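Structure first, then comments.
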Amino acid sequence: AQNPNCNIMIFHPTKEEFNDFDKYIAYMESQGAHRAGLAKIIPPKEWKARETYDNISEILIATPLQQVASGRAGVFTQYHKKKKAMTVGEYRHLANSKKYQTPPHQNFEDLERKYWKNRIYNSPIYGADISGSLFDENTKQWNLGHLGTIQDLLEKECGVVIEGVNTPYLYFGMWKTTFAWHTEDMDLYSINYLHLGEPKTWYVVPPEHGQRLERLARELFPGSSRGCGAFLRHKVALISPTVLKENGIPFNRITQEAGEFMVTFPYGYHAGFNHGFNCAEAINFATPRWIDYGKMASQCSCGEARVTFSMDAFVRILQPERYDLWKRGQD
Ligand SMILES: O=C(O)CNC(=O)C(=O)O
Ligand SMILES: [Mg+2]
Ligand code: NI
Ligand SMILES: [Zn+2]
């Protein structure tokens, strides 16, 4: 078996190998990359997502989210308080202000220490889940707006045509902005490109060990656990690397820098934080190996997790037994 210790692998495709997305994902998996739950792909040196980022300031963040923490430094939840709309220009100015800017630090490790020590005492503002793309329409390789759709994948594998579309989202981050522990909707893959700015640190649990993370989460967030049998779908719980180590949860960490792709694999729990002002783009995707994960994905039916139009069809076709109850939560 390749990559038996489930280490995060880093890939360096040639421009030639960068031409066929599906084939390269399949190549990564042949080398065991999926075992980690997360891989990094450094694009060929000749590749660019677009010519410049000079004209992005007028993108609107219609609902910036202030991420308010509760709990203890290593074990907390976060809630999103909706803020008034602002442009990316305004947001970047806010990110750079004395109140929100990245503190002085030695290196990524020092900044990670300061994150876990101090996150809970600040409420950074996250421009998340903004439908759109920063890829130039003339970028032909690994253009997150031109991937094949999950609906087409299901049709090709399963022969059923379904409604739904699949489009990317932009994330504008600042220091301490945080993504809670989660897998993707329907345990899909995700791909994330860091277009610009400061890094993003990721933590990930190997898919083969996800249930160990879930078990610890139920012990650490016991009221959440009683409220819903899949509360990590709410995307609100944080658990520090220290706490995961204390409880013997296998995980890995890696820092993504501007110009790099990350791929999360089905049922790879991940969480992380942004180092400073940045802009990422991400989209879910599927492969034939995903199908079985989609069939087994947990679902939130308590009504908190409230997800996209397109997830309906996935649950309807892959999880017909769940469908009724899950849709009661959706409506
Ligand atoms: O970048 C973020 O804030 C969160 N991104 C992801 O969870 C992802 O790409 O799967
Ligand atoms: Mg603009
Ligand atoms: Ni994710
Ligand atoms: Zn729920």
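Chain A is numbered as in Swiss-Prot; the shown residues are, in order, 11-341.
Method of determination (from the header): X-ray crystallography, 1.8 Å.
Cβ from N, Cα, C; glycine included.
Annotated features, as they stand in Swiss-Prot:
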| type | residues | note |
| --- | --- | --- |
| DOMAIN | 18-60 | domain 'JmjN' |
| MOD_RES | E26 | polyADP-ribosyl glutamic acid |
| MOD_RES | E27 | polyADP-ribosyl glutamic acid |
| BINDING | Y136, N202, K210, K245 | 2-oxoglutarate binding site |
| DOMAIN | 146-312 | domain 'JmjC' |
| BINDING | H192, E194, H280 | Fe cation binding site |
| BINDING | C238, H244, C310, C312 | Zn(2+) binding site |
Give me the Cα-Cα distance between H280 (Fe cation binding site) and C310 (Zn(2+) binding site), rounded to a whole Å.
-> 18
For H192 (Fe cation binding site) and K245 (2-oxoglutarate binding site), the CA-to-CA distance in whole Å is 6
Long-range same-chain neighbours of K245 (2-oxoglutarate binding site), Cβ under 8 Å, sequence gap at least 6?
-> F189, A190, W191, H192, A315
Compare the C-alpha of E27 (polyADP-ribosyl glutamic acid) with the C-alpha of each of the binding-site residues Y136, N202, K210, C238, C312, and give the closest one.
-> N202
Nonlocal residues around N202 (2-oxoglutarate binding site), in sequence order (Cβ under 8 Å, 6 or more apart) | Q266, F271, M272, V273, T274, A290, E291, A292
Nearest to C312 (Zn(2+) binding site) by Cα distance: which of the recorded positions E26, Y136, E194, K210 is it?
-> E194
Of the binding-site residues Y136, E194, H244, the one whose Cα sits nearest to the Cα of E26 (polyADP-ribosyl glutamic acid) is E194
Which residues does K210 (2-oxoglutarate binding site) neighbour through Cβ under 8 Å, counting only same-chain ones at least six apart?
-> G183, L204, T265, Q266, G282, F283, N284, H285, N288, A290
In the structure shown, which of the recorded positions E26, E27, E194 has the fewest Cβ neighbours within 10 Å?
-> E26
Secondary structure at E27 (polyADP-ribosyl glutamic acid), reduced by DSSP to three states | helix
What counts of helix, strand and coil residues does DSSP assign across the domain 'JmjN' (18-60)?
-> 17 helix, 7 strand, 19 coil
What is the total of other Cβ atoms whose distance to the Cβ of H192 (Fe cation binding site) is within 10 Å?
-> 19
Lowest local Cβ density among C310, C312, which the record lists as binding-site residues, within 10 Å | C312
Can you grab the distance from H244 (Zn(2+) binding site) over to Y136 (2-oxoglutarate binding site)? Cα atoms, rounded to a whole Å.
-> 16
Which residue, out of the binding-site residues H244, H280, shows the minimum number of other Cβ atoms inside 10 Å of its Cβ in this structure?
-> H244
